[PDB]
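So this first bit is one chain, no partners, the form deposited in one PDB entry, shown in structure tokens.
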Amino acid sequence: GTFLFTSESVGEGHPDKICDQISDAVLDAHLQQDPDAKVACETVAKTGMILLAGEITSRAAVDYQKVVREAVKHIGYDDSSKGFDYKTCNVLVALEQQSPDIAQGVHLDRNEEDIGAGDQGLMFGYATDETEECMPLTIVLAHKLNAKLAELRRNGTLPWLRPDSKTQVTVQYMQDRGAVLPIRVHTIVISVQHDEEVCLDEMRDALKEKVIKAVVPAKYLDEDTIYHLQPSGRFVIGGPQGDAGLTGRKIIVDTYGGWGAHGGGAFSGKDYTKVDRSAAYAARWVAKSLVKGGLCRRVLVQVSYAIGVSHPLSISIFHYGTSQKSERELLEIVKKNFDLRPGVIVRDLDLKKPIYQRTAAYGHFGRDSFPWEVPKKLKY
């Protein structure tokens, strides 16, 4: 019954993640002034460049240069020695209003509760009782390794660190009637951008002793655990200079690390009417409510929409064999307890609040008791 499973995560300065965080900084800036802003902000990053491209209709007055540069500053790209600098990079803007054809079909002259979905699409929610926060251990550990690197960079413990990083964790699990039980960590990868002066051995020793041991419980690590630390051997060039980044290119890091499923939609840079985000958050809320409600140990929820239509077109449940109730019965419980119209999700999950930049690194789920992480008490 033993098997392996692998998940990855990336740091705040990974170029795709920079784009997600800037897209969400833009969204938050609009929502602080206009809770009903319609935002579809894509970000592209390459050497010396942040480009914003997309569609925004809003009553807010947003200074894009300031918002972009402040987000890059927070990430830590503040000097040409690091490969990118918020003070001196190019910020280019290609933003137009939302298509009036989309606006008239989705929200114009619609009662909020009855607003149409902002697009068609499919979305999934997942939860697993293997951790208290109901997330896969593989991705929780991968996120925490990136967070630890940023913590040691910011407190000056390891001043050779730069903001761009990636981690990957392979866990060996056992299973019991579809539930999964972590046994040990089989393999860890860490790659992180660094300065020109630190040597490989110093970095590898610090990554094992100050990063991995500070995050992964010793009970999961043994003589057979495989460590791939700075496996490329050199990572001085990094950030957008090493690799072009785009918004919505880390959708699996944003969600379940390979577990569960994904409908394809990106979260960052989108207001609640874009069901790629709101319905995925609601589906996480449903899945976590079923697991914390004791109805199943693990569960996957699919939902889908048509542009301009409020009610979902389909809802489906997969319990991996971890419920005594059938998937049909669980689906009936979901339909009796949840209303997944976007105009209802916005109220239940408070989705006009400008907390989106906080979601754009380290995963959107299993952290900070955001509304979609607080289970709903189920009646049946």
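Position 1 is the first residue in the sequence shown; the rest follow in order.
The next section is about a form of this same protein that is not shown, the form solved in complex with a small molecule.
Taken together, the three residues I115, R341 and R347 all stay farther than 4.5 Å from the small molecule in the entry with it bound, as judged by their closest heavy atom. In the entry with it bound, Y356 stays away from the small molecule, with no heavy atom inside 4.5 Å. Taking non-hydrogen atoms only, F365 approaches the small molecule to within 4.5 angstroms in the entry with it bound. Contact check for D195: every heavy atom lies farther than 4.5 Å from the small molecule in the entry with it bound. Although the partner is absent from this view, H143 contacts the small molecule in the entry with it bound, with a non-hydrogen atom inside 4.5 angstroms.
Considering the small molecule in the entry with it bound, the lone stretch of 221-229, 132-140, 85-93, 195-203 in range is 132-140 [heavy atom distance within 4.5 Å]. The contact with the small molecule in the entry with it bound, taken as any heavy atom within 4.5 Å, belongs to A147 out of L246, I212, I251, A147.
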